$ cat model.cif   # mmCIF, C-alpha atoms
data_target
#
loop_
_atom_site.group_PDB
_atom_site.id
_atom_site.type_symbol
_atom_site.label_atom_id
_atom_site.label_comp_id
_atom_site.auth_asym_id
_atom_site.auth_seq_id
_atom_site.Cartn_x
_atom_site.Cartn_y
_atom_site.Cartn_z
ATOM 1 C CA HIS E 8 -66.317 -118.047 203.251
ATOM 2 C CA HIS E 9 -68.791 -116.005 205.380
ATOM 3 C CA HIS E 10 -69.002 -112.190 205.185
ATOM 4 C CA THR E 11 -71.990 -109.987 205.953
ATOM 5 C CA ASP E 12 -71.220 -107.785 202.943
ATOM 6 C CA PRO E 13 -72.293 -109.433 199.671
ATOM 7 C CA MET E 14 -69.816 -107.325 197.713
ATOM 8 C CA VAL E 15 -66.946 -108.781 199.743
ATOM 9 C CA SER E 16 -68.398 -112.293 199.301
ATOM 10 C CA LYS E 17 -68.362 -111.886 195.539
ATOM 11 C CA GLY E 18 -64.596 -111.216 195.408
ATOM 12 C CA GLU E 19 -63.589 -113.680 198.054
ATOM 13 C CA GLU E 20 -65.445 -116.414 196.222
ATOM 14 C CA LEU E 21 -63.135 -116.196 193.150
ATOM 15 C CA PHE E 22 -59.980 -116.537 195.304
ATOM 16 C CA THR E 23 -61.154 -119.230 197.796
ATOM 17 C CA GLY E 24 -58.709 -121.905 196.657
ATOM 18 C CA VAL E 25 -55.536 -122.285 194.573
ATOM 19 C CA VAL E 26 -55.855 -120.321 191.316
ATOM 20 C CA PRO E 27 -53.613 -121.000 188.282
ATOM 21 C CA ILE E 28 -51.723 -117.982 186.958
ATOM 22 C CA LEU E 29 -50.373 -117.169 183.506
ATOM 23 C CA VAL E 30 -48.069 -114.191 182.953
ATOM 24 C CA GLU E 31 -47.138 -112.812 179.528
ATOM 25 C CA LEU E 32 -44.742 -109.956 179.082
ATOM 26 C CA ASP E 33 -43.587 -108.355 175.867
ATOM 27 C CA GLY E 34 -40.663 -106.044 176.463
ATOM 28 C CA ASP E 35 -38.351 -103.654 174.696
ATOM 29 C CA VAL E 36 -35.440 -102.158 176.643
ATOM 30 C CA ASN E 37 -33.117 -99.852 174.692
ATOM 31 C CA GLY E 38 -34.244 -101.765 171.590
ATOM 32 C CA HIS E 39 -33.540 -105.261 172.984
ATOM 33 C CA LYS E 40 -36.870 -107.001 172.381
ATOM 34 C CA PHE E 41 -37.733 -109.886 174.652
ATOM 35 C CA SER E 42 -40.657 -111.917 175.913
ATOM 36 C CA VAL E 43 -41.257 -113.684 179.200
ATOM 37 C CA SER E 44 -43.833 -116.318 180.000
ATOM 38 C CA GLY E 45 -44.684 -117.388 183.514
ATOM 39 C CA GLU E 46 -46.882 -120.102 185.026
ATOM 40 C CA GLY E 47 -47.762 -120.910 188.598
ATOM 41 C CA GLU E 48 -50.401 -120.785 191.293
ATOM 42 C CA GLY E 49 -51.762 -118.269 193.799
ATOM 43 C CA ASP E 50 -53.356 -118.933 197.185
ATOM 44 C CA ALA E 51 -54.858 -115.709 198.539
ATOM 45 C CA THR E 52 -55.771 -117.452 201.847
ATOM 46 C CA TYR E 53 -52.086 -117.412 202.795
ATOM 47 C CA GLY E 54 -51.043 -114.515 200.596
ATOM 48 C CA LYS E 55 -48.834 -116.946 198.677
ATOM 49 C CA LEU E 56 -47.621 -116.973 195.064
ATOM 50 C CA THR E 57 -45.430 -119.547 193.382
ATOM 51 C CA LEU E 58 -44.334 -118.789 189.823
ATOM 52 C CA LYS E 59 -41.737 -119.861 187.313
ATOM 53 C CA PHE E 60 -40.806 -117.441 184.520
ATOM 54 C CA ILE E 61 -38.981 -118.233 181.277
ATOM 55 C CA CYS E 62 -37.454 -115.858 178.817
ATOM 56 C CA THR E 63 -38.806 -117.268 175.559
ATOM 57 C CA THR E 64 -36.609 -115.186 173.254
ATOM 58 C CA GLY E 65 -33.273 -116.384 174.636
ATOM 59 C CA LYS E 66 -31.183 -114.526 177.236
ATOM 60 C CA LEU E 67 -33.021 -111.896 179.249
ATOM 61 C CA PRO E 68 -31.344 -108.509 178.541
ATOM 62 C CA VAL E 69 -32.008 -107.065 182.011
ATOM 63 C CA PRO E 70 -31.608 -108.675 185.440
ATOM 64 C CA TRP E 71 -34.526 -110.822 186.633
ATOM 65 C CA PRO E 72 -34.893 -108.964 189.978
ATOM 66 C CA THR E 73 -35.752 -105.747 188.103
ATOM 67 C CA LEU E 74 -38.887 -107.431 186.739
ATOM 68 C CA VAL E 75 -40.281 -108.864 189.992
ATOM 69 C CA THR E 76 -42.719 -106.012 190.716
ATOM 70 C CA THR E 77 -43.875 -106.000 187.066
ATOM 71 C CA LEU E 78 -44.351 -109.786 186.663
ATOM 72 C CA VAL E 80 -50.602 -109.837 190.796
ATOM 73 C CA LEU E 81 -51.721 -108.128 193.976
ATOM 74 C CA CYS E 82 -55.108 -109.791 193.956
ATOM 75 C CA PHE E 83 -53.396 -112.717 195.736
ATOM 76 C CA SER E 84 -52.632 -110.578 198.781
ATOM 77 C CA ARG E 85 -53.990 -111.841 202.053
ATOM 78 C CA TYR E 86 -56.407 -109.296 203.487
ATOM 79 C CA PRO E 87 -57.306 -109.962 207.138
ATOM 80 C CA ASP E 88 -61.016 -110.424 207.791
ATOM 81 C CA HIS E 89 -61.419 -107.004 209.353
ATOM 82 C CA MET E 90 -59.857 -105.382 206.274
ATOM 83 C CA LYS E 91 -61.671 -107.254 203.503
ATOM 84 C CA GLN E 92 -63.768 -104.191 202.662
ATOM 85 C CA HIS E 93 -60.518 -102.530 201.544
ATOM 86 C CA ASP E 94 -59.532 -105.124 198.923
ATOM 87 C CA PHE E 95 -59.774 -103.233 195.642
ATOM 88 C CA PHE E 96 -57.859 -105.872 193.710
ATOM 89 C CA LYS E 97 -60.299 -108.732 194.185
ATOM 90 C CA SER E 98 -63.369 -106.457 193.949
ATOM 91 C CA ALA E 99 -62.430 -105.607 190.359
ATOM 92 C CA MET E 100 -62.598 -109.306 189.304
ATOM 93 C CA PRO E 101 -63.421 -111.113 187.112
ATOM 94 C CA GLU E 102 -63.428 -108.247 184.581
ATOM 95 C CA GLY E 103 -60.094 -107.129 185.979
ATOM 96 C CA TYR E 104 -58.019 -104.050 186.342
ATOM 97 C CA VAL E 105 -55.239 -102.204 184.602
ATOM 98 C CA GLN E 106 -52.015 -101.720 186.467
ATOM 99 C CA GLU E 107 -49.746 -98.951 185.097
ATOM 100 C CA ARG E 108 -46.319 -98.078 186.424
ATOM 101 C CA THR E 109 -43.369 -95.895 185.723
ATOM 102 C CA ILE E 110 -40.211 -97.202 187.377
ATOM 103 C CA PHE E 111 -37.238 -94.812 187.606
ATOM 104 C CA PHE E 112 -33.860 -96.445 188.221
ATOM 105 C CA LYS E 113 -31.739 -93.852 189.963
ATOM 106 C CA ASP E 114 -28.928 -92.621 187.689
ATOM 107 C CA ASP E 115 -30.206 -94.943 184.982
ATOM 108 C CA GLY E 116 -33.190 -95.539 182.658
ATOM 109 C CA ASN E 117 -36.872 -96.063 183.302
ATOM 110 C CA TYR E 118 -39.470 -98.796 182.737
ATOM 111 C CA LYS E 119 -43.033 -97.872 181.595
ATOM 112 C CA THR E 120 -45.427 -100.774 182.085
ATOM 113 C CA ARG E 121 -49.066 -101.388 181.374
ATOM 114 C CA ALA E 122 -50.752 -104.585 182.376
ATOM 115 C CA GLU E 123 -54.250 -106.074 182.241
ATOM 116 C CA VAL E 124 -54.994 -108.480 185.073
ATOM 117 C CA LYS E 125 -58.181 -110.483 184.568
ATOM 118 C CA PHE E 126 -59.651 -113.985 184.489
ATOM 119 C CA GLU E 127 -59.751 -116.078 181.278
ATOM 120 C CA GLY E 128 -61.947 -118.934 182.427
ATOM 121 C CA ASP E 129 -60.494 -120.175 185.694
ATOM 122 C CA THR E 130 -56.995 -118.816 184.974
ATOM 123 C CA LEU E 131 -55.822 -115.444 186.284
ATOM 124 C CA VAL E 132 -53.865 -113.786 183.452
ATOM 125 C CA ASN E 133 -51.447 -110.899 183.762
ATOM 126 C CA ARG E 134 -50.620 -109.519 180.291
ATOM 127 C CA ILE E 135 -47.915 -106.874 180.303
ATOM 128 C CA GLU E 136 -46.216 -104.528 177.877
ATOM 129 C CA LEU E 137 -42.962 -103.001 179.067
ATOM 130 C CA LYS E 138 -40.932 -100.234 177.412
ATOM 131 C CA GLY E 139 -37.572 -99.284 178.855
ATOM 132 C CA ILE E 140 -35.588 -96.296 177.662
ATOM 133 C CA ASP E 141 -32.536 -94.215 178.567
ATOM 134 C CA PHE E 142 -30.548 -97.075 180.175
ATOM 135 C CA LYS E 143 -26.766 -96.886 180.369
ATOM 136 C CA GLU E 144 -24.928 -99.729 178.645
ATOM 137 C CA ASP E 145 -22.349 -99.809 181.447
ATOM 138 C CA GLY E 146 -24.882 -99.376 184.229
ATOM 139 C CA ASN E 147 -26.083 -101.828 186.818
ATOM 140 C CA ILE E 148 -29.109 -102.961 184.787
ATOM 141 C CA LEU E 149 -27.766 -103.553 181.250
ATOM 142 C CA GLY E 150 -24.418 -104.533 182.821
ATOM 143 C CA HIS E 151 -26.059 -107.234 185.017
ATOM 144 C CA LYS E 152 -24.488 -106.131 188.275
ATOM 145 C CA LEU E 153 -27.476 -106.847 190.530
ATOM 146 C CA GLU E 154 -27.452 -109.707 192.950
ATOM 147 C CA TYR E 155 -30.041 -112.457 192.470
ATOM 148 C CA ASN E 156 -32.128 -111.723 195.555
ATOM 149 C CA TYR E 157 -34.870 -109.462 196.788
ATOM 150 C CA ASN E 158 -35.556 -107.421 199.919
ATOM 151 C CA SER E 159 -38.778 -107.399 201.941
ATOM 152 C CA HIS E 160 -40.744 -104.206 201.427
ATOM 153 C CA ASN E 161 -43.968 -102.498 202.799
ATOM 154 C CA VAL E 162 -46.016 -100.477 200.289
ATOM 155 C CA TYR E 163 -48.635 -97.807 201.122
ATOM 156 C CA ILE E 164 -51.903 -98.035 199.124
ATOM 157 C CA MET E 165 -54.197 -94.993 198.738
ATOM 158 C CA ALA E 166 -57.544 -94.567 197.024
ATOM 159 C CA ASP E 167 -57.905 -92.348 194.026
ATOM 160 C CA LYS E 168 -61.630 -91.555 194.217
ATOM 161 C CA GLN E 169 -61.562 -89.478 191.030
ATOM 162 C CA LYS E 170 -60.373 -92.436 188.938
ATOM 163 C CA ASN E 171 -62.297 -95.069 190.910
ATOM 164 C CA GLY E 172 -58.951 -96.705 191.562
ATOM 165 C CA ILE E 173 -55.806 -96.746 193.688
ATOM 166 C CA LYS E 174 -52.405 -95.253 193.608
ATOM 167 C CA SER E 175 -49.050 -96.014 195.222
ATOM 168 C CA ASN E 176 -45.535 -94.637 195.176
ATOM 169 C CA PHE E 177 -42.687 -96.595 196.710
ATOM 170 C CA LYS E 178 -38.983 -97.394 196.478
ATOM 171 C CA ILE E 179 -37.399 -100.794 195.831
ATOM 172 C CA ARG E 180 -33.727 -101.254 196.804
ATOM 173 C CA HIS E 181 -31.819 -103.720 194.613
ATOM 174 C CA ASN E 182 -28.564 -105.078 196.035
ATOM 175 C CA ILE E 183 -25.536 -104.620 193.749
ATOM 176 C CA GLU E 184 -22.786 -107.243 193.701
ATOM 177 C CA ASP E 185 -20.358 -104.817 195.343
ATOM 178 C CA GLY E 186 -22.509 -104.300 198.464
ATOM 179 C CA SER E 187 -24.100 -101.061 197.291
ATOM 180 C CA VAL E 188 -27.763 -100.484 196.307
ATOM 181 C CA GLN E 189 -29.640 -99.549 193.157
ATOM 182 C CA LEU E 190 -32.823 -97.594 193.912
ATOM 183 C CA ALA E 191 -35.926 -98.125 191.779
ATOM 184 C CA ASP E 192 -38.659 -95.473 192.392
ATOM 185 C CA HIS E 193 -42.094 -96.868 191.492
ATOM 186 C CA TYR E 194 -45.248 -94.907 190.675
ATOM 187 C CA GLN E 195 -48.337 -97.040 190.263
ATOM 188 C CA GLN E 196 -51.964 -96.519 189.421
ATOM 189 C CA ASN E 197 -54.702 -99.147 189.107
ATOM 190 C CA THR E 198 -58.111 -98.693 187.525
ATOM 191 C CA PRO E 199 -60.959 -101.136 186.935
ATOM 192 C CA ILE E 200 -61.668 -102.555 183.501
ATOM 193 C CA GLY E 201 -65.355 -103.052 184.197
ATOM 194 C CA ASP E 202 -67.934 -100.413 184.972
ATOM 195 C CA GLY E 203 -69.408 -102.090 188.057
ATOM 196 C CA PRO E 204 -68.707 -100.828 191.556
ATOM 197 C CA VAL E 205 -65.424 -101.551 193.285
ATOM 198 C CA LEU E 206 -64.189 -101.313 196.832
ATOM 199 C CA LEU E 207 -62.194 -98.144 197.332
ATOM 200 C CA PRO E 208 -59.897 -98.673 200.301
ATOM 201 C CA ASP E 209 -58.921 -96.566 203.231
ATOM 202 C CA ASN E 210 -55.183 -95.964 203.386
ATOM 203 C CA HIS E 211 -53.297 -99.138 204.338
ATOM 204 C CA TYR E 212 -50.123 -101.057 203.512
ATOM 205 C CA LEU E 213 -49.065 -104.354 201.986
ATOM 206 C CA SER E 214 -46.140 -106.281 203.479
ATOM 207 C CA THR E 215 -44.225 -108.293 200.892
ATOM 208 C CA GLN E 216 -41.492 -110.860 200.935
ATOM 209 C CA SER E 217 -40.005 -112.534 197.879
ATOM 210 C CA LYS E 218 -37.541 -115.384 197.473
ATOM 211 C CA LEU E 219 -35.774 -116.026 194.160
ATOM 212 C CA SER E 220 -34.361 -119.368 193.116
ATOM 213 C CA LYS E 221 -33.311 -121.452 190.126
ATOM 214 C CA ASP E 222 -34.567 -124.744 188.800
ATOM 215 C CA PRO E 223 -31.453 -126.968 188.567
ATOM 216 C CA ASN E 224 -32.855 -128.926 185.575
ATOM 217 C CA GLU E 225 -33.819 -125.861 183.528
ATOM 218 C CA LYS E 226 -31.511 -124.783 180.720
ATOM 219 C CA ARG E 227 -33.500 -121.772 179.587
ATOM 220 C CA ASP E 228 -32.960 -118.371 181.247
ATOM 221 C CA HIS E 229 -35.597 -118.382 184.020
ATOM 222 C CA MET E 230 -36.532 -117.268 187.518
ATOM 223 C CA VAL E 231 -38.443 -119.173 190.180
ATOM 224 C CA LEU E 232 -40.369 -116.897 192.522
ATOM 225 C CA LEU E 233 -42.009 -117.399 195.890
ATOM 226 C CA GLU E 234 -43.911 -114.338 197.122
ATOM 227 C CA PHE E 235 -45.912 -113.601 200.272
ATOM 228 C CA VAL E 236 -48.058 -110.490 200.457
ATOM 229 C CA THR E 237 -50.223 -109.463 203.447
ATOM 230 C CA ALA E 238 -52.307 -106.401 204.057
ATOM 231 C CA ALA E 239 -51.988 -104.543 207.312
ATOM 232 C CA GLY E 240 -52.254 -101.210 208.986
ATOM 233 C CA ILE E 241 -55.890 -100.952 210.017
ATOM 234 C CA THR E 242 -56.353 -102.003 213.662
#

$ encode --input "model.cif" --output "structure tokens"
Amino acid sequence: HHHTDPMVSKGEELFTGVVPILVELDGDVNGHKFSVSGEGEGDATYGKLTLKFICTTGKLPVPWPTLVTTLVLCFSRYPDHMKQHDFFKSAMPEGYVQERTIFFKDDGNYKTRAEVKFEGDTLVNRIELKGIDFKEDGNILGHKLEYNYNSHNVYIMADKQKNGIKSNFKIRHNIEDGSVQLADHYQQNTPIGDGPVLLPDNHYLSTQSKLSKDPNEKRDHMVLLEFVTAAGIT
């Protein structure tokens, strides 16, 4: 609402209230083609997301928790003293590309590319996902993961050469038998536009996610509440 840096003001202004979100994913995992649509709202003031996702092609062929990181970090809450480090909002409204490779230990990998940008007043995240080399009897295609999600801190670093950011981090998915399925993420983000962006000092994001079901919904779906806060600069 009041920042002495006009570049920060420009990005904050687009995220000042509740912003509607649309998520589209087209996926192919070991030749099972599927699509997911999601709708909800983001409130960057509190770092809060609320989304509901539907598999529009029938039953989702992989477990919903494996898609949480893939299915909008511009809604992170950056403390006032860290707002000059917020790459994600500084790239708006033209947006950014978010690319990942996700390696599931002892199993296959996801390769994702997403464009995150405004269409009018709506923040859209449009994703293509390709998954290969998964085991039919593994934890992913065998749906052995529990329907829950662990809190996680992720380290963000600038990539000055690409005018973007980079991160590598591990997600632990609980398996029904009490064990864990590791998912190693590599991520890079680059701006879509050619204007300047804020390139951050090293810092981390703290995330927490809660998964639930809509008791009146017959389609395969996931309801997601996420909180993300930046930290690590004193």

$ resolve_selection --input "model.cif" --expression "the PyMOL selection byres ((chain E and resi 180-183) around 12)" --output "ChimeraX atom specification"
/E:70-76,111-113,146-148,150-161,177-179,184-193

$ closest_residue --input "model.cif" --among "E:237, E:98, E:11, E:171" --to "residue 216 of chain E" --atoms "all atoms listed in the file"
E:237

$ atom_distance --input "model.cif" --atom1 "atom CA of residue 197 of chain E" --atom2 "atom CA of residue 165 of chain E"
10.5 Å

$ residues_near_point --input "model.cif" --point "(-57.0, -103.9, 203.5)" --cutoff "10 Å" --atoms "all atoms listed in the file" --output "ChimeraX atom specification"
/E:84-95,164,207-213,237-241

$ closest_residue --input "model.cif" --among "E:29, E:135, E:236, E:69" --to "residue 106 of chain E" --atoms "only C-alpha atoms"
E:135

$ resolve_selection --input "model.cif" --expression "the PyMOL selection byres ((chain E and resi 22-24) around 9)" --output "number ranges by chain"
E: 8, 18-21, 25-26, 49-52, 82-83, 97

$ write_last_selection --input "model.cif" --atoms "C-alpha atoms" --output "compact mmCIF listing (two decimals), in the frame of the given file"
# COMPACT_ATOMS: atom_id res chain seq x y z
CA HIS E 8 -66.32 -118.05 203.25
CA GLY E 18 -64.60 -111.22 195.41
CA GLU E 19 -63.59 -113.68 198.05
CA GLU E 20 -65.44 -116.41 196.22
CA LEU E 21 -63.14 -116.20 193.15
CA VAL E 25 -55.54 -122.28 194.57
CA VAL E 26 -55.86 -120.32 191.32
CA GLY E 49 -51.76 -118.27 193.80
CA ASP E 50 -53.36 -118.93 197.18
CA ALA E 51 -54.86 -115.71 198.54
CA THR E 52 -55.77 -117.45 201.85
CA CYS E 82 -55.11 -109.79 193.96
CA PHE E 83 -53.40 -112.72 195.74
CA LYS E 97 -60.30 -108.73 194.18

$ closest_residue --input "model.cif" --among "E:116, E:68, E:45, E:101" --to "residue 143 of chain E" --atoms "all atoms listed in the file"
E:116
